[PDB]
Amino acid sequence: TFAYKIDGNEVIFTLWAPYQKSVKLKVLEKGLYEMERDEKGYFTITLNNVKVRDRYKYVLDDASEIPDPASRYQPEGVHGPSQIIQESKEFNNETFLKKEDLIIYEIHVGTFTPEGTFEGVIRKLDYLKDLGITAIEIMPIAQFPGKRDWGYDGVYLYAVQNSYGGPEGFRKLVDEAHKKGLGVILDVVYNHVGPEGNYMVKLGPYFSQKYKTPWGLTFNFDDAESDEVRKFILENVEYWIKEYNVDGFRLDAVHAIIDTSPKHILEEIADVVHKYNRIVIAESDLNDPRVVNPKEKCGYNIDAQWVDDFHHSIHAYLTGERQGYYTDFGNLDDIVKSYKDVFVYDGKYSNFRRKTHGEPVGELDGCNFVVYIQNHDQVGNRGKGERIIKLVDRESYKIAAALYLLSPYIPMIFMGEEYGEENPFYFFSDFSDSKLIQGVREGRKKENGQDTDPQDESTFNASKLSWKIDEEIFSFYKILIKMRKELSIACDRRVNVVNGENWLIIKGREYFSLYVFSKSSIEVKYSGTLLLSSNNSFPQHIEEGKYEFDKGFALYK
């Protein structure tokens, strides 16, 4: 209840508008109306003549016209007139998506397929299905500015992408993957909003002034009328769930979400999802168990969260990188720690932050976390979106892949990664306001030294996927994923991990594994048969003893 709503032959036009004294519905084709200012601030109007797939605009005191910020669809553009649409209505009380079987596929509809749409992504389903992926993570689709954005400048939480195809598309996309047995997962932004076409700012107080994130400010979940803003949101989830049978959510930068209420909006949100037996994941910097933790342990109960710690230990290890966050890691130990104690910063000094970061994860299954060697952030923010293939030797890159998929964690692949893809994932934007299409420039430029003019179509297309398969890489993966399942590796953290100067043997429940970064002697303490190797130099049948190995990775049993 926030945009519109169809009764019978009736449409209702709710409108959070505290700051307005008089607002007017304005079916573009029909006419202009007068809202029902209620004490809370909700102008309102009831219709029946409309059914029409009509474009409308709210016209406020000021003299300006605008679009339903809970717009179900912004066809014409961000300044486009909101529009009417059917009520998707059907969905099911459940996601086939059990967790343990989680393989995530981060996909950016845009640059993915050359089409760059749902359709685009539909074609690849079976490819995906094949790969072994258990679920698809769709980058943000909340109506953004222009046509070329990662999707982080979304400004219409309720409105589905113009470009990407929109509603039906998204609709189909899911219905489809559903059929193919593919789980879809939406990545939503609740910690901020796009710098273009955001009108909230006039209707009332959607955002809190008490605080300031980095991308401006978060919403108002606290002061003034938090009730309303915090309802926006919670409903906003229920929608996706109901009007799109979505299978789960991924929350951008939760730590930019400030709530002091006795009930943190997270836990607030989690609830909504778990109510529909859906799933939630969150991007979270704070090395805080709180998030993922259960209620009984004072946790918001989010299902699982990303663990950038895992990455870095690996990445900066393989690459000789030590910039920005990289400085907190880049060492063998880090990798193992992360391996047996989820966080590398369990409550310790980050010179990076000059603070005393995070704290002990408990005894939570590896399935509360989601590891990865790549994602838009990790690639995207480089200034030259270097894919990881471009900074490590092939043996290495093969090893990595192992690590992350052979973890108890919840492996998720960046798109392209599995087939050995090499184009960069740049930072691109499609903003109309001069001042942004400028700020943005010295931004990335100063922030990430990105020479590519994000506003340049080039930068965009340059990031598109070159579907140039590399069966070497491509095959590997396919197995790994398959081995993992076969293997029963998921969630389970009952693991022994050894390491030598440049090596790392890791027992599991049913298997072992070798990671050798450099020719070296190893006192292998176990007997099993080869399951897979990076190289050929690996002994189909192994036995406990001292052997010399070569830069590579092998898998026992």
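The first residue of the sequence shown is number 1, and the count goes up from there.
**Message:** Quick check on the record: does 51-59 or 495-503 carry the larger mean Cα temperature factor?
**Reply:** The deposited B-factors put 51-59 ahead on the C-alpha mean.
**Message:** Comparing average C-alpha B factors as deposited, tell me which of 129-137 and 429-437 sits higher.
**Reply:** Result: 429-437.
**Prompt:** Of the options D341, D333, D303, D252, which has the highest CA B factor as deposited?
**Reply:** Most elevated C-alpha B-factor of the set, per the entry: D333.
**Message:** Using only the C-alpha B-factors in the record, can you name which of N191, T113, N293, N198 has the highest?
**Reply:** Highest C-alpha B-factor among the listed options: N198.
**Asked** Can you tell me which third, lowest, middle or highest, the CA B-factor of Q540 falls into for its chain?
**Response** Its C-alpha B-factor belongs to the middle third of this chain's values.
**Item:** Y19 - Cα temperature factor, lowest/middle/highest third of chain
**Value:** Its C-alpha B-factor belongs to the middle third of this chain's values.
**Message:** Using only modelled residues of the chain, where does the Cα B factor of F329 rank: lowest third, middle third or highest third?
**Reply:** Middle third of the chain for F329's C-alpha B-factor.
**Message:** For the chain shown, is the CA B-factor of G80 in the lowest, middle or highest third of its modelled residues?
**Reply:** Highest third, going by the recorded CA B-factors of the chain.
**Item:** Lowest, middle or highest third - CA B-factor, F13
**Value:** Highest third.
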